[PDB]
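Beneath this line is the structure, given in C-alpha cells, with notes to follow.
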Amino acid sequence: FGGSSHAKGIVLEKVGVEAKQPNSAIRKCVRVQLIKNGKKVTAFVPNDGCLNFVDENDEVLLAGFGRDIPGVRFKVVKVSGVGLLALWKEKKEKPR
Amino acid sequence: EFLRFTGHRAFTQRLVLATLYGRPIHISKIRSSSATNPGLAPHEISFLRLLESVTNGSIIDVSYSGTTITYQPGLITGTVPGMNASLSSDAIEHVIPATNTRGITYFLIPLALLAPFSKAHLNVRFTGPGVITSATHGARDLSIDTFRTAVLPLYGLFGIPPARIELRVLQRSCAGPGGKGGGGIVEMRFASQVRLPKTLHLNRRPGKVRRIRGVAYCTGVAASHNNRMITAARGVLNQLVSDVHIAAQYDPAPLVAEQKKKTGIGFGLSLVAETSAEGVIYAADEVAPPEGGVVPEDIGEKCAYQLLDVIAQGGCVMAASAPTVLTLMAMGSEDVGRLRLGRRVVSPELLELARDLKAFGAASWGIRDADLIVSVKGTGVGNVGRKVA
Amino acid sequence: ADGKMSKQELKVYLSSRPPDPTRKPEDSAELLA
Amino acid sequence: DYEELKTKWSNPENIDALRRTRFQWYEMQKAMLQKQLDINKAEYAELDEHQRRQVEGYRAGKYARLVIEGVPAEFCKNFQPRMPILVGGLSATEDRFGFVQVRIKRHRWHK
Amino acid sequence: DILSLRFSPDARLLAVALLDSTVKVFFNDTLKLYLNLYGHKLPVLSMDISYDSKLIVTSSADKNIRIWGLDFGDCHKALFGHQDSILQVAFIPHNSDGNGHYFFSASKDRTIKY
RNA sequence: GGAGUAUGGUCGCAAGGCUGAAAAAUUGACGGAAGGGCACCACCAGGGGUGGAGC
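Protein chains in written order, with PDB author numbering: chain Cn, 43 to 109, 116 to 144; chain CH, 7 to 264, 269 to 380, 393 to 411; chain CU, 107 to 130, 148 to 156; chain CI, 602 to 624, 737 to 824; chain UL, 567 to 680.
And the structure:
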C-alpha cells in the first residue's frame, strides 16, 4: 500500500465471527477500511482469543504479513494506539 | 399503563411509536359512538397479534368491552430461531381472518417502518383468507406495487438499503364479496437492520417530473382490462409527458377456504411519477369497487387525475408516505433533518403524528418557508437490541 | 399500443428488487492446425 | 371529490399551466461531520420561542438552574459539599429494564 | 359482420356478437365500449343475458357455451355441452318462480339442454 | 507462459398472459365357447391354531 510501511484503518466488520472452528483463518480475518486511500482490505488478527480486543469502529494500525486463506496480505499490529500483542499479553488496557 | 391516549385515529402509529420508544401506552374509548359493533376492529386485533408475534416481552391487554387496550412494549426481535421460529431463515406465519376489510399495506407500512429497528431479520408471511393485496375503497389503502415502489425508496434515502428488502407476493387479491375477504398471500423479508438512520435533507426543488411508470393489475377479470386502462391513462398523460409506461399484470384467481372458493375478483391501477432530481416520487392508485363493475377507462382516467393532483399538490413527498418519512426522521440521530412539504400536503393524520411525537417525548418541529420546510430534531434512540460483534 | 417498455425497464420495475434512486480459415497454417 | 378532480383536470389551461411549471478520506469524513454541525445551528437559528426554546432544548455551555421535584429528605439531611453532584440525562432506552448481555473479564490485578 | 346482438332486460347495456369470434358489450345510452369478451375459437352464434344483467351466456360454433359475469366480464365456467355447433340460447325471464338463472341451449346435434 | 481440472462472483439468454382450478388404428375396444395346465388363497382325507378365563 501507499508508500508507507504501516497503514491505519477502521474495523468495519469482523467477518467470520460466526465460524465454527476456533483458530480458522476465516475466524481470524477482519475486514478493515484504510484511512488514507479509502479501500476495504482484509487483515489477520494474530490469534482467535486476540480477536476479542478488536471492536467495531476502532483505529487500527496494520502491517504486512510476511511468511488457510493464502493471499490476505495484512496483519493487525496496533489497536487504538496500543500494541495488540501487549493487549493479548495483558500488559495494557485499551483506551476507548 | 402509564401514557394515555384516546380515540381510534392513528392507532397503528400510536402502537408503533410506543414499541419504538419503549413507552407503555393505554388507548381508551375505541368505539364509544358505535352501538352495533363497539370495541376493536378485526384488522386492529390482527395488527395486535402481529405486533405480539414480531416483538418479545410485549404485554397487550384488551378489555372486556373491547374499547380500551393497554400495551407495555418489549423489544423488536424479529425471527430469532429460539423464540419466534425454528430456523433463522424461516418465515413467521401470520394469518388474518376472513372478516378483514383493510388492505395489507395497513399492516405493511407500520411493519416496514418498525423493521429497520429490529434485532434479527424480519421474515413475515401474511397468509389466510383476508389478505387483500390491492387498494381498498376502505380508507383508500395503497396497493402492494404502490407501497413497494413508492415508499421503500424512502428507506433507501434514509440508508436502509433496498438491496436487501424482499417484498414478494405469491397470490394477488382484491376484496371480493363486499369489503371483507382477500386470499392473496405475501411475504416481506427485511434483512437490512440499521443502528441509526441517516439524517437526510430534502431541500432542493424537485422540479422536472421526468417520467411516469406504473402497474395495472387484473385478478379474475379479462386481461384486456389493463390494456384499456393503459390507453385511458396514456390519453390523459400524453398531453404532459412523452414517457408514461405501465406494466400489465394478470393473475387467474385466489382460492380461500369456506371446499375452497375463488374470491378477490377485481382490477386496479397504480401510477408512480419519478422526478429527475432525487428520490422524489408521486404515487396514485385506483381500484374497482368490489361489487360495482365500472368501466376500466373510468378507472384509468381516475388514477391519472389523482396522479396529476398529487403532482400539483406535493412539495417533495406525498401525504401517503409523509408519516413514514417523518417518523424515521424522528428516529434518526440527534441532528436536524429538513423535509420540504407542500402547504396543501399537511393533513390531519400528519398533524396527529406531530401531536403523538410531542406526547411521547420527541422534540417539536420547526416550520419555515422556502411550500414549507419542516425540520425535525432526531431523538437518537435507534434500535435497542443488536448484537454488536 | 406503445406501453411495452423493454426487458431492461421490466427488469428494474417489475422485479422483486425495488429500484434504488442512485442510478442513471485464412491461411494454410491455421487450416492445417 | 372525483367529479371535482375531473373538472379541475379537465380544464386544459390548468393542464397547460402545470405542464409549464412542472415538466483524504479522513478529512472528507470530518468535513461531512462539520457540514452536519453547520446545518444544525444554521437550521434552528430562525426563531426564539419556537426553535431556540422548544425545538433545540436548552443548549450546552449555558449556565442553568434546575428544579427537581421529589427528592428524598435523607439527601438534604446528609448533604456534604465535598462529594459533588452529577446530573446525567437518561435516554429513552436508559429507563427500560431487561437482561443486559455483557462481555466481561476480571481485572489483571484482582486477586 | 354482426352475427347476433341482444339488449339488457333493464335497458342499460347492449351486446353485439361478431364474426371475429368475439363479443362487444356496449352501453345503451352512448355507444362506448364497456368491455369485450374473448376466448371463443369459432364465431359466436347466439347470446342471452340474465334478467338482472348479472350473467351472459354465449353460444359459439366451437361446440360450447360460455357464462360471463357482466361485472368485469370474467368467464364463470366454459362448459362443453353439445356434440355440434350450438345455435341458440335463451334465459327464462321471470324469477317469480325462483329459477331465473336457468337457460336453454339448442344445437345442431338435435338436442336442447336445460 | 501453454494445457487440463475445479471454486466463487459478474453479465446476457431463458423471463411477456385469446387468459381466469377440478389421441392413435388396414396394427384398436370388449367379450362368449371349446380344450389344456396349476393351486392346502381349490375339491378329497386328516391334523392344528385363533375365537371361552386371565396377562
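Using N, Cα and C, we set each Cβ at its ideal position, and we do this for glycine too.
What is the rounded straight-line gap between the Cα of residue i and the Cα of residue j?
{"i": "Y256(CH)", "j": "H660(UL)", "result": "37 angstroms"}
{"i": "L606(CI)", "j": "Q19(CH)", "result": "29 angstroms"}
{"i": "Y119(CU)", "j": "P125(CU)", "result": "7 angstroms"}
{"i": "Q749(CI)", "j": "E756(CI)", "result": "10 angstroms"}
{"i": "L23(CH)", "j": "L76(Cn)", "result": "39 angstroms"}
{"i": "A121(CH)", "j": "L128(CH)", "result": "7 angstroms"}
{"i": "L360(CH)", "j": "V406(CH)", "result": "26 angstroms"}
{"i": "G664(UL)", "j": "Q245(CH)", "result": "53 angstroms"}
{"i": "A253(CH)", "j": "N233(CH)", "result": "10 angstroms"}
{"i": "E769(CI)", "j": "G400(CH)", "result": "10 angstroms"}
{"i": "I291(CH)", "j": "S66(Cn)", "result": "48 angstroms"}
{"i": "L580(UL)", "j": "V591(UL)", "result": "6 angstroms"}
{"i": "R240(CH)", "j": "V250(CH)", "result": "7 angstroms"}
{"i": "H763(CI)", "j": "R365(CH)", "result": "15 angstroms"}
{"i": "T12(CH)", "j": "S34(CH)", "result": "5 angstroms"}
{"i": "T85(CH)", "j": "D96(CH)", "result": "7 angstroms"}
{"i": "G162(CH)", "j": "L148(CH)", "result": "19 angstroms"}
{"i": "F812(CI)", "j": "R29(CH)", "result": "18 angstroms"}
{"i": "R816(CI)", "j": "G91(Cn)", "result": "13 angstroms"}
{"i": "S286(CH)", "j": "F624(CI)", "result": "10 angstroms"}
{"i": "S374(CH)", "j": "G402(CH)", "result": "14 angstroms"}
Would residue i pass as an interface residue toward chain CI - the criterion being a Cβ-Cβ separation below 8 angstroms?
{"i": "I77(Cn)", "result": "yes"}
{"i": "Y27(CH)", "result": "yes"}
{"i": "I321(CH)", "result": "yes"}
{"i": "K272(CH)", "result": "no"}
{"i": "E138(Cn)", "result": "yes"}
{"i": "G51(Cn)", "result": "no"}
{"i": "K35(CH)", "result": "no"}
Provide the residue(s) that pair with residue i in DSSP beta bridges, ordered along the chain.
{"i": "residue 654(CI)", "result": "Residue numbering in chain CI breaks between 624 and 737, and residue 654(CI) falls inside that break, so it has no position here."}
{"i": "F277(CH)", "result": "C224(CH)"}
{"i": "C641(UL)", "result": "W634(UL)"}
{"i": "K399(CH)", "result": "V346(CH)"}
{"i": "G376(CH)", "result": "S397(CH)"}
{"i": "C313(CH)", "result": "None, per the DSSP bridge assignment."}
{"i": "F122(Cn)", "result": "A85(Cn), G106(Cn)"}
{"i": "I218(CH)", "result": "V250(CH), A283(CH)"}
{"i": "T677(UL)", "result": "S673(UL)"}
I want to see whether chain CU comes within less than 8 angstroms of residue i, judged by CB atoms only; does it?
{"i": "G289(CH)", "result": "yes"}
{"i": "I252(CH)", "result": "yes"}
{"i": "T111(CH)", "result": "no"}
{"i": "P168(CH)", "result": "yes"}
Just to check, is the beta-carbon of residue i closer than 7 angstroms to a non-hydrogen atom of the ligand ZN?
{"i": "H642(UL)", "result": "For the ligand ZN, the structure offers nothing, since it holds no ligand at all."}
I'd like to know whether the C-beta of residue i is nearer than 8 angstroms to at least one C-beta of chain CH.
{"i": "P125(CU)", "result": "yes"}
{"i": "residue 565(CI)", "result": "Residue 565(CI) falls outside the range modelled here, since chain CI spans only 602 to 824, and no answer is possible."}
{"i": "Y771(CI)", "result": "no"}
{"i": "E614(CI)", "result": "no"}
{"i": "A156(CU)", "result": "no"}
{"i": "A152(CU)", "result": "no"}
If you measure from the beta carbon of residue i to each beta carbon in chain UL, is any gap under 8 angstroms?
{"i": "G302(CH)", "result": "yes"}
{"i": "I51(CH)", "result": "no"}
{"i": "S280(CH)", "result": "no"}
Do three or more CB pairs link the region 321-335 of chain CH to the region 346-362 of chain CH at distances below 8 angstroms? yes
Decide yes or no for the touch test of the region 54-61 of chain Cn against the region 90-102 of chain Cn: beta carbon pairs closer than 8 angstroms, at least 3 of them. As far as the Cβ criterion goes, the region 54-61 of chain Cn touches the region 90-102 of chain Cn, which means the pair count is three or higher.
Does the region 621-638 of chain UL come close enough to the region 668-678 of chain UL to have 3 or more Cβ pairs within less than 8 angstroms? yes
Could you run through the region 143-165 of chain CH and flag, in chain order, every residue whose CB is less than 8 angstroms away from some CB of chain CU? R154, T155, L158, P159, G162, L163
Taking contact to mean at least 3 C-beta pairs separated by less than 8 angstroms, is the region 81-92 of chain Cn in contact with the region 63-72 of chain Cn? yes
Counting only Cβ-Cβ distances shorter than 9 angstroms, please list the residues of the region 780-813 of chain CI near chain CH, keeping chain order. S804, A805, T806, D808, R809, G811
Any chance the region 307-314 of chain CH sits against the region 177-193 of chain CH, with 3 or more Cβ pairs inside 8 angstroms? no
Mind the definition here: the region 126-138 of chain Cn touches the region 44-58 of chain CH only if three or more C-beta pairs lie below 8 angstroms; say whether that holds. Touching, no, given that fewer than three Cβ pairs across the two stretches are closer than 8 angstroms.
Please list, in chain order, the residues of the region 213-228 of chain CH that have any C-beta partner in chain UL closer than 7 angstroms. Against chain UL - using a Cβ distance shorter than 7 angstroms - the residues of the region 213-228 of chain CH are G226, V227, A228.
Taking contact to mean 3 or more Cβ pairs, one atom from each stretch, closer than 8 angstroms, check whether the region 28-38 of chain CH and the region 61-75 of chain CH are in contact. yes
Is it a yes or a no for the region 108-116 of chain CH touching the region 138-153 of chain CH, going by three-plus beta-carbon pairs under 8 angstroms? The region 108-116 of chain CH vs the region 138-153 of chain CH: in contact.
Got a sec: which bits of the region 589-607 of chain UL sit with their beta carbon under 9 angstroms from any beta carbon on chain CH, in order along the chain? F593, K598, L599, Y600, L601, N602, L603, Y604, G605
Say whether the region 207-223 of chain CH touches the region 148-155 of chain CU, bearing in mind that this needs 3 or more beta-carbon pairs closer than 8 angstroms, one atom from each stretch. no
Against chain CI: residues of the region 56-80 of chain Cn by CB proximity under 9 angstroms: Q75, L76, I77, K78, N79, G80
Spell out a yes or no on whether the region 203-210 of chain CH and the region 131-140 of chain CH are touching, meaning 3 or more CB-CB pairs, one atom from each, closer than 8 angstroms. no
Counting pairs of Cβ atoms below 8 angstroms between the region 166-181 of chain CH and the region 220-233 of chain CH, do you hit three or more? Three or more pairs of CB atoms, one per stretch, sit closer than 8 angstroms, so the region 166-181 of chain CH contacts the region 220-233 of chain CH.
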